[PDB]
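These protein sequence lines map, in sequence, to chains E and A. Residues in the first sequence are numbered from 1 upward in steps of one, following the entry's author numbering. Under the entry's author numbering, the letters of the second sequence match residues 16 to 34, 37 to 67, 69 to 125, 127 to 130, 132 to 184, 184A, 185 to 188, 188A, 189 to 204, 209 to 217, 219 to 221, 221A, 222 to 246, in that order. Right, one structure below, let's go through it.
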Amino acid sequence: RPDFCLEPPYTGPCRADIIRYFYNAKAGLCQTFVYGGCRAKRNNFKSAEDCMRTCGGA
Amino acid sequence: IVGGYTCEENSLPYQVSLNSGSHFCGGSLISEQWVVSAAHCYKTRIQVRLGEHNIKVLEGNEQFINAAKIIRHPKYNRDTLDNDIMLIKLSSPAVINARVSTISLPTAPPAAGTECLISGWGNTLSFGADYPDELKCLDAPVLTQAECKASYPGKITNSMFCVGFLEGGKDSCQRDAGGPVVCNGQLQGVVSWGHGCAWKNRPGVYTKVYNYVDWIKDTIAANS
Ligand SMILES: [Ca+2]
């Protein structure tokens, strides 16, 4: 439920396609996004379980 | 690749796809047993897919070879993106043939204005998620270092150079990283980063392979 769970997801500048999760506070759900591989922001998790642990929920 | 075209099938026999579950990065075959890619493409396990055109359909020219060693440049910095280059050693040599073969390392870096060929299975849209099945190609010029720096003030290190167009619409994009920029028959760049993809005034940024020729040759020798 930390504040950064409400940040929009951030692919960043790098040009890989790494599968990561973000909490989508509009859907109330952790969802996948394309992470470019560097310069991650905090709403960026390696699994749905990690995202749900931190962000729920809310 | 945004604003490009579909490459002729197997006409870039040095282009590889890095796969872990799905395609996530490109690479370039530089010897029978070694591939160059980007350090930010690192994973502890990678399957290298050679001889591909359509990455979703078996076409009969593919070779799938797991990586045996994956070696990032020791000075890679994940925050500045300096030294964004990596080597992958294949667990068995690739079979070199008309559809799978190597690209030469460069003997000089490419002059501004040189036209190069950039390729990969990256996103084909500047806004959206249109990941192609078939390998895409882009012809694009090297920018001056001054214009590269002007485009990304403070961000362009000595490992980096820009290739592309300031007017927007033509660039590499996510899932192209690690793949080739070939100029005058030589591997000159590794797809690295940019702000957005094909945005106006924000060209692609690539790792300058010439700066790593000795590192590549010495690393290959030390690991065979
Ligand atoms: Ca195929």
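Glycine residues also receive a C-beta, built at the ideal position from the N, C-alpha and C atoms.
Q: Answer with yes or no whether the minimum CB distance from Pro13 of chain E to chain A is below 8 Å.
A: yes
(Q) Quick check on the DSSP output: the alpha helix (DSSP H) that includes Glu154 of chain A runs from which residue to which? (A) Taken as a continuous stretch (DSSP letters only), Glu154 of chain A belongs to no alpha helix (DSSP H), as it is neither H nor E.
Q | Span of the beta strand (DSSP E) around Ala85 of chain A | A | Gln81 to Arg90
Q | Three-state secondary structure (DSSP) of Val75 of chain A | A | coil
**Q.** Within chain A, partners of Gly37 of chain E - CB distance below 7 Å
**A.** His57, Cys58 and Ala195
**Q.** Neighbour-count burial assignment, residue 9 of chain A, 16 or more Cβ in a 10 Å radius
**A.** The structure shown does not extend to residue 9 of chain A, since chain A spans only 16 to 246, so no value can be given for it.
Q) Is any beta-carbon of chain A found at less than 8 Å from that of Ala16 of chain E? A) yes
Q: Alpha carbon to alpha carbon, how far is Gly57 of chain E from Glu186 of chain A? Give it in angstroms, no decimals.
A: 43 Å
Q) Hey, would you say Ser54 of chain A sits closer than 8 Å to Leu209 of chain A, going by beta carbons? A) no
Q) Taking C-alpha atoms, which residue in A:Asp153, A:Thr120 and A:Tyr172 lies nearest to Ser48 of chain A? A) A:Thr120
Q: With hydrogens ignored, establish whether the beta-carbon of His71 of chain A is closer than 7 Å to any heavy atom of ligand 1.
A: yes
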